[PDB]
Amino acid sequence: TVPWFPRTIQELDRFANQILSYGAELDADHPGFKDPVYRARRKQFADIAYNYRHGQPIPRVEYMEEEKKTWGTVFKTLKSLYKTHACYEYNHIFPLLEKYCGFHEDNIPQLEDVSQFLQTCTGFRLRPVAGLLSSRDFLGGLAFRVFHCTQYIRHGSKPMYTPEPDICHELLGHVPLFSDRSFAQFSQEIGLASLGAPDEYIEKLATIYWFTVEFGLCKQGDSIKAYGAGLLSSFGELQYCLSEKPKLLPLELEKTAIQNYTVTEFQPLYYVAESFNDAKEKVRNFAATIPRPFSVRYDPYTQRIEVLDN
């Protein structure tokens, strides 16, 4: 029997709240563990995500001075690297995010504004998420060009460190690449490959996602640049990934999909994409090997998945 998957964009409501309910901020080693204000603030953001339904505006939040200071620290330190280390697509859109979305060191952008901006760029939209979704549910959202996005910020005691996605990672790591048509098409292809895929292939797609969307490098003319969100939001790893230390290999999905990795240190190995169009075609070819008794395609006119039957 085939795992259930949403067939309409509104059906993303169904499992959007099936998160790991006991979140990272409850761990004794979390930077915010002993801060009860931070704990309540995290619960406040989770409640926003829990009550959100597709089609609604994403609720705006008045960020506190301490949160804006944390954002400013992350923003200013990372911004120094982007001109030289980030791919062209990143640097092309960043001044527009500063101008139209309020990307500035003294202001945390509101998700509703960012979502409207992405919709104009590529039709991608944001949906606030309370905590950790399953890979199946997170990847499935990409088939609809929906990015499940955190709204909370890391604890201010350790501005350069986060054990989890937070809004700085989403906005400075992910959002600029979702503004690019070819990247949007590539990430959507991963999402479409996931719909109804067996659990074993979801984990393979999640590994492909790790080595592309999160830690990918790409060719850029005769050079190599970072496009992975986990690199673009990590001051230390963004500098390391283009140094002589790591191993680089060409993106090759039969190898990439089974490559092991850890989440706690810098990656020892990165995969280099020829282009986002080429990576998209590779994902499409890999998806043809997933045992599914059907094929899928997104109809953006009606925002529904069309399911044929092989």
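Counting begins at 1, following the sequence as shown.
- Set 227 to 235 against 100 to 108 and average the Cα temperature factors; 100 to 108 ends up higher.
- Of the two stretches examined, 42 to 50 and 257 to 265, the record assigns the greater average C-alpha temperature factor to 257 to 265.
- Ranked within its chain, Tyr201 lands in the middle third, by CA B factor from the PDB record.
- Placement of the Cα temperature factor of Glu189 within the chain: lowest third of the modelled residues, per the deposited record.
- Looking at the C-alpha B-factors along this chain, the one for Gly173 belongs to the lowest third.
- Among all modelled residues in this chain, the alpha-carbon of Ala130 has a temperature factor (C-alpha) in the highest third.
- Ranked by C-alpha B-factor against the other modelled residues of its chain, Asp166 falls in the lowest third.
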